[PDB]
Amino acid sequence: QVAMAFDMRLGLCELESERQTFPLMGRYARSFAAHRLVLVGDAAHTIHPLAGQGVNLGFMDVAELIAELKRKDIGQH
Amino acid sequence: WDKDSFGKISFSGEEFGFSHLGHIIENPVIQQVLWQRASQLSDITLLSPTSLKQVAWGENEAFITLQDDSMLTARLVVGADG
Amino acid sequence: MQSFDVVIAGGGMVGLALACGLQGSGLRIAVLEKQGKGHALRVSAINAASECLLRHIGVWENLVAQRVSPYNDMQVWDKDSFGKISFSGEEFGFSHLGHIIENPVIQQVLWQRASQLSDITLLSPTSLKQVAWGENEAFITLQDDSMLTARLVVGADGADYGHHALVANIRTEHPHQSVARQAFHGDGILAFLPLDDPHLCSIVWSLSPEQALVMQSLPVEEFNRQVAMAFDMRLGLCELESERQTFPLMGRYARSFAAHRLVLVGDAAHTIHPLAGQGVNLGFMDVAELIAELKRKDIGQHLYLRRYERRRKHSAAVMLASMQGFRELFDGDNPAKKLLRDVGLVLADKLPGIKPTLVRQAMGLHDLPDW
């Protein structure tokens with residue numbers, strides 16, 4: 001079934017590992033600011049046009065956050 | 001087979017002792033062949049190239065006519081292949 | 001009998017265009033026709049390519065001096081995605097994209113040319129009683145038992161659909177300013193074709209048969225209201241002047257049929273087109289190419305003909321692909337695309353620059369043979 005859904009692009013297929021599922025907790029969120037609270041989304045588990053790339057959105061959240069934080073009061077919303 | 005569900009069924013007559021399920025045959029060959037049989041039969045005559053000018057459906061005869069004004073009659077009429 | 005090189009069933013715009021044109025060719029032409037000064041109900045939006053056919057056949061000056069309504073500017077939009085594209089030839093140095101011209105004027109004009117030509121005689125009011133398709137002659141006959149023969153026969157202007165068109169003359173609050181306007185709304189399309197009167201348009205409203213029928217039978221104050229909303233009030237309050245007329249759009253999966261000494265050209269005057277009022281242009285282009293091909297072997301044999309058929313069925317697929325393409329373009333002009341434009345991550349979009357391509361299509365200066 002995996003191979004047909006892939007057009008047989010790589011021929012016959014064989015699962016080695018266990019099969020694991022997890023909800024894609026995108027797509028309408030990734031940030032929450034609050035009075036001395038910052039939330040960054042679980043980008044590791046979020047939808048993206050490019051497979052396996054969600055976490056990049058997180059690494060980019062924090063780079064920008066590193067940038068902004070290294071200056072007033074760090075916490076004020 | 002189906003490209004969406006990936007469902008598929010395959011089958012053979014050989015599995016049930018048959019040599020063929022059918023034959024692919026060109027239409028011109030089929031028709032020109034049955035045409036040759038047609039005039040190789042005497043209770044059949046072939047009228048061509050002929051188009052119909054009028055048909056007056058009678059109770060006992062067909063009373064059809066031809067463009068070349070050759071009157072024609074028939075018990076029953078049957079149309080096909082168009 | 002009388003003997004002709006080509007007889008032409010149903011002599012309307014396109015067949016006569018063929019008559020004047022398929023000439024100075026050595027071919028004798030017969031033409032079978034089986035049958036005011038106010039704004040006609042029926043108008044066609046004649047493009048530059050079509051103009052070059054009519055200017056060539058010497059008739060342009062005529063219906064110009066009659067009544068002609070130049071547009072150089074066009075606007076198309078969609079009421080659902082709010083997408084819209086507008087364009088002009090002036091932007092590329094052209095004075096006009098086309099002309100709105102009344103059908104009766106066009107045809108009565110080409111009719112006058114017809115008998116002002118001696119290799120053309122006109123047979124009317126005449127209907128066919130019998131045609132016996134011979135190997136070398138047409139052997140067709142008339143109801144008045146006048147035998148007739150022809151090398152090749154060609155039918156046009158009449159002789160399956162999806163939508164109907166409601167057409168009518170509509171006075172608008174705001175001047176149309178010589179803009180051909182077209183609005184998509186679901187599976188309704190509503191076009192306003194500008195006329196001589198600075199405040200009058202002839203519309204083409206493509207609707208389902210059931211929708212066209214209801215609109216045609218609506219009381220006028222309701223029609224006035226309803227037409228204007230479907231047009232986004234682009235020209236303000238609306239008032240029907242003329243009668244409301246509907247006719248099936250006999251596109252879209254045909255326009256050509258070749259056969260043993262038979263050529264059929266579609267009733268392009270009644271066929272779907274991306275650009276409202278433009279169907280007939282497809283017909284004028286069918287015949288130009290046919291004039292071109294006919295003026296040479298045997299004129300009638302369905303061998304030197306089916307290659308002509310290829311070209312036309314081809315053109316009809318192109319027109320179909322184009323309507324599909326206008327819809328894709330409008331449904332793609334949405335807010336997510338706007339966001340991506342801004343941020344530079346658009347993969348697929350309106351091309352640089354479709355304005356010039358929209359102009360070459362409206363003018364239809366492609367499609368031409370030259371000559």
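Just so we're on the same page: letters track the sequence lines, and every chain starts at 1. In what follows, every heavy atom counts, from backbone to side chain, and hydrogens, waters and symmetry copies are set aside.
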Checklist entry - So, the side chain of C/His176 versus the backbone of C/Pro198: is there a donor-acceptor pair under 3.5 Å, distance only? => result yes

Checklist entry - Measuring from A/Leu57:CG to A/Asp42:CG, what's the distance to the nearest 0.5 Å? => result 11.5 Å

Checklist entry - Nearest 0.5 Å, what's the CG-OG distance between C/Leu240 and C/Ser242? => result 5.5 Å

Checklist entry - Do C/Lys355 side-chain atoms and C/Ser88 backbone N/O form a donor-acceptor pair below 3.5 Å? => result no

Checklist entry - Once the angle between the rings of C/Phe184 and C/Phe330 is folded into 0 to 90°, is it parallel (under 30°), tilted (30 to 60°) or perpendicular (over 60°)? => result tilted

Item to check | Student check: side-chain heavy atoms of C/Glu293 and C/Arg311 closer than 4.5 Å | outcome: no

Next on the checklist: Quick one: does any side-chain atom of C/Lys337 pair with a main-chain N or O of C/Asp331 as donor and acceptor, under 3.5 Å?
Outcome noted: no

Item to check | Non-hydrogen side-chain atoms of C/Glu309 and C/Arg306 separated by less than 4.5 Å | outcome: yes

Next on the checklist: Minimum heavy-atom separation for C/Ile46 and C/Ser50, please, with both atom names.
Outcome noted: CG2-CB, 3.6 Å

Checklist entry - Between the side chain of C/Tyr161 and the main-chain N/O of C/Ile272, is any donor-acceptor distance below 3.5 Å? => result no

Checklist entry - Does the side chain of C/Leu320 reach to within under 4.5 Å of the side chain of C/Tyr253, using non-hydrogen atoms? => result yes

Next on the checklist: What I want to check is whether the side chains of C/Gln216 and C/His164 have a donor and an acceptor closer together than 3.5 Å.
Outcome noted: no

Checklist entry - Heavy-atom count around B/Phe6 CZ within 6.0 Å, excluding the residue itself: above 12? => result yes

Checklist outcome for this item: For C/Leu63 and C/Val105, the nearest pair of non-hydrogen atoms, with its separation, is CB-CG1, 3.6 Å

Checklist entry - Are more than 12 heavy atoms from other residues, nucleotides or ligands located less than 6.0 Å from atom CZ of A/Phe59? => result no

Item to check | Minimum heavy-atom distance between C/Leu207 and C/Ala212, given as atom pair plus value | outcome: CB-N, 3.7 Å

Checklist outcome for this item: All heavy atoms of C/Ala288 vs all of C/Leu53, minimum pair found to be CB-CD1, 4.0 Å

Checklist outcome for this item: Output for pair (C/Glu221 CD, C/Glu239 CD), nearest 0.5 Å, gives 10.5 Å

Checklist entry - Does some side-chain heavy atom of C/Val31 sit less than 4.5 Å from a side-chain heavy atom of C/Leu16? => result yes

Checklist entry - More than 12 foreign heavy atoms under 6.0 Å from NZ of C/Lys313: is that the case here? => result no

Checklist entry - Roughly how far, to the nearest 0.5 Å, is CG of C/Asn62 from CD1 of C/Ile106? => result 12.5 Å

Item to check | C/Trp77 atom CH2, neighbour heavy-atom count above 12 within 6.0 Å | outcome: yes

Next on the checklist: Taking the side chain as everything from C-beta on, heavy atoms only, tell me whether C/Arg181 gets closer than 4.5 Å to C/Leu190.
Outcome noted: no

Next on the checklist: Applying side chain to side chain contact (heavy atoms under 4.5 Å, CB included) to C/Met319 and C/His273, what does each step give before you reach the verdict?
Outcome noted: CA-CA 7 Å; C/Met319 289 323 289; C/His273 194 290; 3.0 Å; yes

Next on the checklist: The test is side chain to side chain contact (heavy atoms under 4.5 Å, CB included); show your working for C/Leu97 and C/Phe87 and say whether it passes.
Outcome noted: CA-CA 10 Å; C/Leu97 284 168; C/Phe87 54 102; 4.3 Å; yes

Next on the checklist: A quick test of your reading: do over 12 heavy atoms of other residues, nucleotides or ligands sit less than 6.0 Å from CG of A/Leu37?
Outcome noted: yes

Next on the checklist: I'd like to check C/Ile354 versus C/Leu329 (side-chain heavy atoms, cut-off strictly below 4.5 Å). Are they in contact?
Outcome noted: yes

Checklist entry - How long is the span from the OG atom in C/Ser44 to the CE atom in C/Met13, to the nearest 0.5 Å? => result 5.0 Å

Checklist entry - Checking C/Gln182 side chain against C/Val76 main chain: does a donor-acceptor pair fall under 3.5 Å? => result no

Next on the checklist: Between C/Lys338 and C/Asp333, does the salt bridge (charged side-chain N to carboxylate O under 4.0 Å, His left out) criterion hold? Intermediate values first, please.
Outcome noted: CA-CA 7 Å; C/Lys338 273 146 223 160; C/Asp333 210 44; 5.1 Å; no

Item to check | C/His366 NE2: over 12 foreign heavy atoms closer than 6.0 Å | outcome: yes

Checklist entry - Between C/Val6 and C/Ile8, which heavy-atom pair has the shortest distance, and what is it? => result CG1-CG1, 3.9 Å

Item to check | Stepwise side chain to side chain contact (heavy atoms under 4.5 Å, CB included) check, C/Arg234 with C/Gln75 | outcome: CA-CA 11 Å; C/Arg234 190 54 56 95; C/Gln75 283 167 21; 3.3 Å; yes

Next on the checklist: Under the criterion side chain to side chain contact (heavy atoms under 4.5 Å, CB included), I'd like the reasoning laid out for C/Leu193 against C/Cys201: C-alpha separation, chi angles, the key distance, then a yes or no.
Outcome noted: CA-CA 5 Å; C/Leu193 275 15; C/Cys201 291; 5.6 Å; no

Next on the checklist: Could you tell me if the side chain of C/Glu243 sits less than 4.5 Å from the side chain of C/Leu41, heavy atoms only?
Outcome noted: yes

Item to check | Under 3.5 Å: donor-acceptor pair, side chain of C/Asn47, backbone of C/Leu365 | outcome: no

Next on the checklist: So, applying side-chain contact (heavy atoms from CB on, under 4.5 Å) with C/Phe192, which one of C/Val204, C/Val227, C/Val179 is it?
Outcome noted: C/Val227

Next on the checklist: When you measure from the side chain of C/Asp157 to the backbone of C/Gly15, do you find a donor-acceptor pair of N or O atoms at a distance under 3.5 Å?
Outcome noted: yes

Checklist entry - When you measure from the side chain of B/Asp2 to the backbone N and O of B/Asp4, does any donor-acceptor pair fall under 3.5 Å? => result yes

Checklist entry - For atom CD of C/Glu90, is the number of surrounding heavy atoms from other residues, nucleotides or ligands below 6.0 Å larger than 12? => result no

Next on the checklist: Checking the side chain of A/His45 only, and the main-chain atoms of A/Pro23 only, is there a donor and an acceptor separated by less than 3.5 Å?
Outcome noted: no

Item to check | Polar side-chain atom of C/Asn169 near backbone of C/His39 as donor-acceptor pair, under 3.5 Å | outcome: yes

Next on the checklist: Is it true that C/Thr271 and C/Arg255 share a donor-acceptor pair across their side chains at a distance under 3.5 Å?
Outcome noted: no

Next on the checklist: Using every non-hydrogen atom in the two residues, find where C/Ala268 and C/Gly283 come nearest and quote the distance to one decimal.
Outcome noted: CB-N, 3.3 Å

Item to check | Pairwise side-chain contact, C/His99 with C/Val64, heavy-atom cut-off 4.5 Å (strictly under) | outcome: no

Checklist entry - If you round to the nearest 0.5 Å, how far is SG of C/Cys238 from NE2 of C/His174? => result 10.5 Å

Checklist entry - Quick check: are there more than 12 heavy atoms from other residues, nucleotides or ligands sitting under 6.0 Å from CD of A/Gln76? => result yes

